[PDB]
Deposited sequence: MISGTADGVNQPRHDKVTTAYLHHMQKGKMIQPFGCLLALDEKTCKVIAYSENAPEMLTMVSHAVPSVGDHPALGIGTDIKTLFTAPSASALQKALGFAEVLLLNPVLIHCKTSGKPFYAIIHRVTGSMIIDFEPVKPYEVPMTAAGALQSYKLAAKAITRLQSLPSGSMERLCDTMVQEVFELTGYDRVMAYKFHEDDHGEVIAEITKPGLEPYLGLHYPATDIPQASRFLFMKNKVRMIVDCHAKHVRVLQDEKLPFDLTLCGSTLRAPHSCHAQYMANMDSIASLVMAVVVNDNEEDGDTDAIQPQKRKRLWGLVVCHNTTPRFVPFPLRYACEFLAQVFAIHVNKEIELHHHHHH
C-alpha cells in the first residue's frame, strides 16, 4: 500500500514548485498547482508550455542543455531567473527514463551575489568535519557516533540530532544524541520496526537526504497531462509531501521540521541506520548544504563499516 502512494508522489510540500518535461519536446507534461503563481505573474503556464517562455535566455539555455547529459553527469543546482519578475530560484534536476523532473526552490534576492560563496562555505565546513571523523582513534562506535551528531548539529542548526541504528529485527535504537537544553532526551530508547515501513527504508537507498519543512503545511497537488495513460513517478523529488500517518507521527513528538540522512554501508549493501535532525519550529536549509551533508553521511558510512570489522 505505502509504495504505490510514495512512488507516484502526487502531493508536494508548498515551499517549492515542480515541473516535469518531455525530453523530446522540452514542453511541460506535469506541474504542481502552485507553479503558475510561483513562476509567472498572475504567457501562462500549463500542459504544453515551452520553458523558453518562462525564464531568461541564459536560464532557459542552461536547462535545455541539461537535457543532453546523462544523469551521473548532471550538476545541480542551476540558478534560473523568471522572465517577467526576475525572481530567482534554484532548479534541482533529475531524470526518469524519458522525463526530466525539476524542483524549484526559492532564493532570496540579496542571496544571489553570495551563491558561489555560500556553496563553498557549506562544503568547506563539511570537509572540516570529515577530517575530525578521520582523526578519531578506532575502536569505539560510541565516540564515532557522538562526533558525527555533534558535527551535524553545528553544521545544520537543528534543535535535536540523533543517530538511529536498525537492529536485525528491524526495530530501531537511538544510540547517540545532542540537543538544545530544554528538550527531553531520547538517548537509549528503542522503537518498533513498524514506525518505519519497509517502503520508506527502500526509498532511503536511493534518496539519501530528505527534508520536511513543516509537518502542518497544506500539501499541493501535481497535475499531469490527461493524455498520459500511466502515472509519472515523482518520488525522486526533493519536495515530496510526507504521508499523513508520518505527518501525524511528527506533530505528536513536537518535531515540526526534519532532515534525515540515510547511512548505507557497502555502497551486503545495507541500510545501517539514520541521522535524524528534528526542529521544534519550521526550518528550511538550502540545497547546497543538503548536498554537502550527503557526502558527510557517505564518509560516516565508511567509518561505521570499518568499526564493524
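Which runs of the deposited chain sequence never show up in the coordinates?
Several stretches lack coordinates - namely 1-19, 62-71, 297-310, 353-359, in sequence order.
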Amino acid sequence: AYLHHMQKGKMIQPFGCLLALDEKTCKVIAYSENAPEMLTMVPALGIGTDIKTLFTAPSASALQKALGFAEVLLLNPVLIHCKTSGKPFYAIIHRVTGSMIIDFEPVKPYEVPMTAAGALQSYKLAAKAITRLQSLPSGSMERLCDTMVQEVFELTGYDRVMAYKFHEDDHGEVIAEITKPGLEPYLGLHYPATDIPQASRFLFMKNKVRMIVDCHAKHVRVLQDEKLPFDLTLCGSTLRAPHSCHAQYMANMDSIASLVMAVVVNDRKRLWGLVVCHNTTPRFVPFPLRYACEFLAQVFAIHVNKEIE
From here on, numbers count along this sequence of modelled residues.
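Basically, rigid core = biggest C-alpha set you can superpose within 1.5 Å across the two forms.
Stretch departing more from the displayed form, 226-234 or 93-101, Cα RMS in 5 other deposited structures of this protein (core fit)
Result of the core-fitted comparison in 5 other deposited structures of this protein: 226-234 deviates more.
Could you tell me which of the two stretches, 67-75 or 209-217, has its Cα atoms lying farther from the shown structure in 5 other deposited structures of this protein after fitting on the rigid core?
Looking at 209-217 and 67-75 in 5 other deposited structures of this protein, the bigger mover is 67-75.
What about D267, left without coordinates in a third or more of the other entries of this protein that model its neighbours?
Yes, a third or more of the compared structures omit it.
Determine, for stretches 271-279 and 243-251, which one has the higher mean CA B-factor as deposited.
Mean C-alpha B-factor is greater for 243-251.
Do the C-alpha atoms of 24-32 or of 61-69 have the higher average B factor in the entry?
The stretch with the larger mean CA B-factor is 61-69.
When the CA B-factors of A257, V260, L39, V265 are compared as recorded in the entry, which is the largest?
Highest C-alpha B-factor among the listed residues goes to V265.
Pick out which of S138, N76, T156, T179 has the highest C-alpha B-factor in the PDB entry.
The listed residue with the largest C-alpha B-factor is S138.
Please rank the C-alpha B-factors of the chain's modelled residues and tell me whether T97 sits in the lowest, middle or highest third.
Middle third - that is where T97 ends up once the chain's C-alpha B-factors are sorted.
Ranked against its chain, the third holding the CA B-factor of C145
Middle third.
State the tercile, meaning the lowest, middle or highest third, of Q121 with respect to the CA B-factors recorded for its chain.
For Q121, the deposited C-alpha B-factor lands in the lowest third.
Is the Cα B-factor recorded for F202 in the lowest, middle or highest third of its chain?
CA B-factor rank for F202: highest third.
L133's Cα B-factor: lowest, middle or highest third of the chain?
Tercile = highest for this residue's CA B-factor.
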